[PDB]
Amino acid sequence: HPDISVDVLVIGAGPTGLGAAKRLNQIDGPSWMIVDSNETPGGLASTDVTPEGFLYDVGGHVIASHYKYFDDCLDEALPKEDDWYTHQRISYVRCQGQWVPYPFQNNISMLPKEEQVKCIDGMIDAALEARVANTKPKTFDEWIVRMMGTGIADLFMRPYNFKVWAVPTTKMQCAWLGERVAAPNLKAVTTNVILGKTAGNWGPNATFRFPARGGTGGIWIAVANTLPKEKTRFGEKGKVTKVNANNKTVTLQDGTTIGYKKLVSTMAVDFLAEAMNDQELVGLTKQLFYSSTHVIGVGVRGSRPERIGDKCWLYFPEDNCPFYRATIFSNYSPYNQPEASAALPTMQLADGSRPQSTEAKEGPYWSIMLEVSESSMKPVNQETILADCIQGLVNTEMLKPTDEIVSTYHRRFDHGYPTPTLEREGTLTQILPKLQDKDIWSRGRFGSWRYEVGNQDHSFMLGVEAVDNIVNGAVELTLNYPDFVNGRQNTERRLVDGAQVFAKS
């Protein structure tokens, strides 16, 4: 007989696990507990801080919620207006010395006329081909070229997406992009070119909110704080080392055994297969592909440069920098970096030189957060990637040679992106139903490995819907139908449902 017995055991307290726990808590029927090897919940949605007081998320995290249930829980966790800042969704592509507003194709009037000609000719071919197309594209690369044409594809989406996925676009599927037919809006693109118009896809109605304090990790700390503590086990004490699916027993690092009826596992499924000592599954999970993420943080002395302005995140297709995305993290909250009166010495100049003077000088400060991908098809030299990133900031005119860097951050995350390879779905249909047949709900960014439902809200709801399926027989829509959940406002499920209203009365 195990040390602990619950109806539903949740493994992992990132957004997916916390989601399962929140729904389990709301329903308040079956017994449950949640474990995590980390003392701080949040997983890849956590936040680090440098010794100099600069916060960094695990790369650019911007919330775009598809669900009221997610909203309810974030509101409960951080109920004050002062707990959040709101920003418009401002992003640009760096291309040929210019900041081109996203979406790229609507803004190519910024490029030289000769480049515009190439882009439009390319898009005209794609329009004419789309007119007689009667097959769906089979790879990411095909989808891109059918949408954009060759010229526009080559300038942005093709090289950018290799830099992101660390695999060629020709090796990825394209179903994860949704149901929209791959064809250009030639009229829109030519119209902006003719008018000499630029326009970004943001405005007063395209916004996101970011926690005032603690970065994205502040959300999951606060969400986890609403749970009954005695149903949690976070830290070394909650590290899972063995899963015996046949016995329905989990063994923790310290020897504790937990017997479960149903298991919601949100750890990476390849980790799960190993903990299961299941050779068949280890074999299958090894067929999945993923990239690692290097997060580089740079803290900079000065008031925010005009050339930076209200930019939020930024895309880099070109090979004059190693990162694919930059985030002006200091724009997200004034509390992501020290107050202006905090005194810090200059660590280095952006040109790589180190000043002799160790004088601590005041701010204000701003902060850049960068991401570099790694895979078996794209190695990263860990010893030089910080300096290479900083030179990249100089090349892209984000930093002047003389800008004073007062803090640096670098951390490599092993499981960063689950890759939508051509083989992904075939491998998953062998893995997830096998786990299902053992009453294991493997869910989450790497729990179920689908990037198209791999954001914070998706992950949260993968956990919530897994519990809802377990308890109430609900359809796991986010898991099986990403296009369905992503194409609608999901408003039906709420932190207070009729069940709780009727019960209280």
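Residue indices: 1-based, along the sequence shown.
- As the entry records it, the average C-alpha temperature factor is higher for 196-204, out of 196-204 and 150-158.
- Remark: stretch with higher mean C-alpha B factor among 223-231 and 161-169 is 223-231.
- Note on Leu186, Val295, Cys95, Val181: the highest value goes to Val181, judged by CA B factor as recorded.
- Comparing C-alpha B-factors across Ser448, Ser459, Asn472, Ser46 in the deposited entry, the largest value falls on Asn472.
- In the deposited entry, the Cα temperature factor of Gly59 places it in the lowest third of its chain's modelled residues.
- When the CA B factors of the chain's modelled residues are split into thirds, the value for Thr50 lands in the middle one.
- Annotation for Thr266: C-alpha temperature factor in the middle third relative to the rest of the modelled chain, per the entry.
- Ranked by C-alpha B-factor against the other modelled residues of its chain, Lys438 falls in the highest third.
- Among the modelled residues of the chain, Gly42 sits in the middle third by CA temperature factor in this PDB entry.
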